[PDB]
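**Q** A single structure is presented below for examination.
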Amino acid sequence: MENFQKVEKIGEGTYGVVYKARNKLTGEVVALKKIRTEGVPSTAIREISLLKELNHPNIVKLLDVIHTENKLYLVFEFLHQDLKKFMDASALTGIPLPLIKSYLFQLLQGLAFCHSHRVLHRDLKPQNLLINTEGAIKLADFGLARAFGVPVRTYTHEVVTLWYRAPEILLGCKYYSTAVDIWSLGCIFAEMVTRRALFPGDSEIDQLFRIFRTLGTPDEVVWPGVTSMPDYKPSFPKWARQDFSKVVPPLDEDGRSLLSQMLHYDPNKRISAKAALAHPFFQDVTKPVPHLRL
Ligand SMILES: O=C(O)c1ccc(Nc2nccc(Nc3ccccc3)n2)cc1
């Protein structure tokens, strides 16, 4: 608390507020996430702490986990900018295609690693993705769903952002699979390409219907078991799937085919991170460096 000095606020997420903070002693600059409460569920501390042992080049390092005074703090290594800011900064020009492809490849590498270790993110979004000057991108802030779970808002007086949420989550499924992170990454991939969010829903039903309007209202043919899910209603309007050409123009067909496999309704048909890494879209992948304004 007094062992840092706040530099800036970085942002506000689903599970808390994030600050750029300088360690008073070592000079170290870190990203510090603050979550405010009866006091804490203590079960999480063991499993959140377990994430300190996630070690991989595409995952933002979790340095410490500290529970004190009705607060839970997560200390992360500091990266140079998040993807949301970079995308906004790139809005007029666009992120160069080879850089998009490098970022997607790297994000899949980090996911394939987490997933092989049975660790799901469940909240992916551009604010959760961090980049540096040498061209790396990293995923941050896993767990925190399997650990806490969420109400109408994030923590205090912020709504949940629905834009990246898998349909099976929106339909009320109690058991999530790693497939939910693939859906989120697919939505983010589309957004990097077109420079607009793919499914910008303002409510849970608006989110669902925006998905349906594009991809077609799911049924038992394309998604066995869909009509028996907790929040499914037979009264959903029936939209026909649109031609996929309008979704990520003008990405090439390898890109479109990969996105289409990331956006399958049935979590069982949805491509894995490991299989995605082998898709022909990545045959030519390189590692360019971004132009960042810090
Ligand atoms: O110029 C900005 O706007 C910005 C600058 C630096 C930065 N660095 C950073 N490094 C690690 C994590 C993180 N954010 C984060 C996200 C989710 C959970 C915990 C931390 N941000 C983020 C944004």
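Position 10, counted from 1, in the sequence shown is what this note's numbering calls 1286; the numbers after and before it change by one each time, with no gaps. Ideal Cβ placement from N, Cα and C applies to all residues, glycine included.
#1: Between the segment 1401 to 1419 and the segment 1342 to 1362, do three or more beta carbon pairs fall short of 8 Å?
#2: Taking the Cβ atom as the reference point for each residue, do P1543 and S1479 lie within a distance shorter than 8 Å?
#3: Are the Cβ atoms of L1539 and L1384 separated by less than 8 Å?
#4: Just to confirm, is the Cβ distance from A1320 to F1418 under 8 Å?
#5: Near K1285, what residues of its chain come up, given a Cβ to Cβ distance below 6 Å and the 5 sequence neighbours on each side ignored?
#6: Could you tell me which uninterrupted beta strand (DSSP E) segments, each at least 3 residues in length, are contained entirely in the segment 1341 to 1377, listed from first to last along the chain?
#7: By a C-beta neighbour count over all protein chains shown, 10 Å radius and 16 as the cutoff for buried, is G1292 buried or exposed?
#8: What first and last residue would you give for the beta strand (DSSP E) that runs through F1280?
#9: Can you tell which of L1484, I1464, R1422, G1315 has the C-alpha that lies nearest to the C-alpha of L1447?
#10: Decide if the segment 1454 to 1470 is in contact with the segment 1346 to 1358; the criterion is three or more beta carbon pairs, one per stretch, under 8 Å apart.
#11: Could you spell out the range, first to last residue, of the alpha helix (DSSP H) harbouring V1565?
#12: Taking 7 Å as the cut-off, is the C-beta of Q1281 nearer than that to any heavy atom in ligand 1?
#13: For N1299, which residues in the same chain have their Cβ closer than 8 Å to its Cβ, ignoring the five residues on either side in sequence?
#14: Ends of the alpha helix (DSSP H) at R1486?
#15: Candidates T1470, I1487, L1396, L1355: which alpha carbon is nearest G1531's?
#16: Helix, strand or coil: which one does DSSP assign to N1404?
#17: I'd like the span of the alpha helix (DSSP H) that includes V1456, first residue to last.
#18: If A1416 sits next to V1336, beta carbons under 8 Å apart, how far is it from one beta carbon to the other, in whole angstroms?
#19: Between which two residues does the alpha helix (DSSP H) carrying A1549 extend?
#20: Please specify which runs of the alpha helix (DSSP H), each continuous and at least 4 residues long, are wholly inside the segment 1505 to 1558, giving them in chain order.
#21: For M1277, count neighbouring C-beta atoms within 10 Å of its own C-beta (all shown protein chains included) and say buried if the count is 16 or more, exposed if not.
#22: Taking the alpha carbon of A1297 as the reference point, which residue from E1288, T1290, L1308 has its own alpha carbon closest?
#23: Would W1439 and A1412 be called neighbours here (beta carbons separated by less than 8 Å)?
#24: Assuming contact is defined by CB atoms lying nearer than 8 Å, are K1514 and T1493 in contact in what I supplied?
#25: Can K1361 be considered in contact with ligand 1, in the sense that its beta carbon sits closer than 7 Å to one or more heavy atoms?
**A** In short:
#1: Yes, since at least three Cβ pairs between the segment 1401 to 1419 and the segment 1342 to 1362 fall closer than 8 Å, the two stretches touch.
#2: no
#3: no
#4: Contact flag unset, no.
#5: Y1295
#6: 1347 to 1353
#7: With 16 or more other Cβ atoms within 10 Å, it is buried.
#8: 1280 to 1288
#9: Of the residues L1484, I1464, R1422, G1315, the one whose Cα lies closest to the Cα of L1447 is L1484.
#10: no
#11: Taken as a continuous stretch (DSSP letters only), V1565 belongs to no alpha helix (DSSP H), as it is neither H nor E.
#12: no
#13: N1279, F1280, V1305, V1306
#14: Per DSSP, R1486 belongs to the alpha helix (DSSP H) from 1480 to 1491.
#15: Residue nearest to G1531 within the set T1470, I1487, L1396, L1355 is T1470 (criterion: CA-CA distance).
#16: helix
#17: 1455 to 1470
#18: 4 Å
#19: 1549 to 1552
#20: Those alpha helix (DSSP H) runs which fall completely within the segment 1505 to 1558 and span 4+ residues are 1529 to 1538, 1549 to 1552.
#21: exposed
#22: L1308
#23: No, they are not a contact pair.
#24: yes
#25: yes
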